[PDB]
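Shown next are two forms of a single protein chain, provided one at a time as structure tokens under the names structure 1 and structure 2.
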Structure 1
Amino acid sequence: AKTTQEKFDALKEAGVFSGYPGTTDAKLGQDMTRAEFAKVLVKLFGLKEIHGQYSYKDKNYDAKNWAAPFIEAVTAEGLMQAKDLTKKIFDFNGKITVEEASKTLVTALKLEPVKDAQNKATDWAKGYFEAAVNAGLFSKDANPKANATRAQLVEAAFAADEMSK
């Protein structure tokens, strides 16, 4: 039995998390970015990083962007998609809702969404949020429409890692 910080520490040892350069602060309280989620997904699901290729036109999406090799990987693999497919915008600083994360992780873990799920999630997400709660990826009382915190994604990543092992 481990606290959120202990789960982060365990996942850091496993190489799934690394925290931020120049601080021991895991910043568990703040909303995870789409870039951070791409990195965690690559580590969880053993995806190959794709260096030196840029599939998006976002300002400051280039070789200088640490997240590009992870964003490219989840893009090719189809675990994450463009925010704007036509303008080819990823929105790497953008946040991710609990229900968005639920669909991505449930799909990646090859779990089946729950038919006619009764919960507060958006219609497209109801089955995925329910399946995520049932598999111990998120708490039943999480707001599915709220931005997922780094704490929530540490908890989810720890469960996904244990179920994938």
Structure 2
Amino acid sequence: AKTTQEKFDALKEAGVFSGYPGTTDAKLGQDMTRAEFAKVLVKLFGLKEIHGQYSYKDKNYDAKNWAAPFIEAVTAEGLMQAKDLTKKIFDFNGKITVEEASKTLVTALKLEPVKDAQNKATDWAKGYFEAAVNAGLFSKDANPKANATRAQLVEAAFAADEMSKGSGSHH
């Protein structure tokens, strides 16, 4: 098996991952914004960017925001949602958490959230986190509430890619 760095390099060559902002580097101990993760998902799952539509009210969520076409694509696909449903705030510069990433990936991979999940996750996420751990996307000791490291995100994305590639329909 590949190291995390090798998985990063493979996903970067494939156009799925980028360097930490302002770099081309793996920076495996750093964290990742929800905007960046939306782009990962689009690339990972072959989603279509959506230009000229804005489903959120965040300040500076507009045509000049590079991430909007990706955020809109993951929104249309049902993978990501507002952080604050009432204010329709996506929190694009907020950091993606382990449990948020788990929900995205479980949903994209059509995995069933675990009924009666018992774990550290926030209530809404227990079933998703559980399903993600059971599927090997995150280790059992990951803190669901924590910001995911780039290592964790590389390892999860790489595993989701491998799973998805087991359908003859994979892009």
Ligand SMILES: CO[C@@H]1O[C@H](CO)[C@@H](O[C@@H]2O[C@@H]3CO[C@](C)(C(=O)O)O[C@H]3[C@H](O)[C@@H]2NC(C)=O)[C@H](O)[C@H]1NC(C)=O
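Here, residue number means position along structure 1's sequence, counting from 1. So that the term is clear: the rigid core is the largest set of C-alpha atoms that superpose within 1.5 Å between two forms.
Of the two forms shown, structure 1 is the one deposited with the ligand bound. Residue displacement note: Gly52 has its CA displaced by at least 2 Å between the two structures (rigid core superposed). With the core superposed, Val40 shows a C-alpha displacement below 2 Å between the two structures. With a cut-off of 2 Å and the rigid core superposed, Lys83 has a Cα displacement that reaches or exceeds the cut-off between the two structures. Core superposition gives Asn65 a CA displacement of 3.9 Å between the two structures.
We note a C-alpha movement of 5.1 Å at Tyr20 between the two structures, with the rigid core held in register. When the rigid core is fitted, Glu6 shows a C-alpha shift of 0.7 Å between the two structures.
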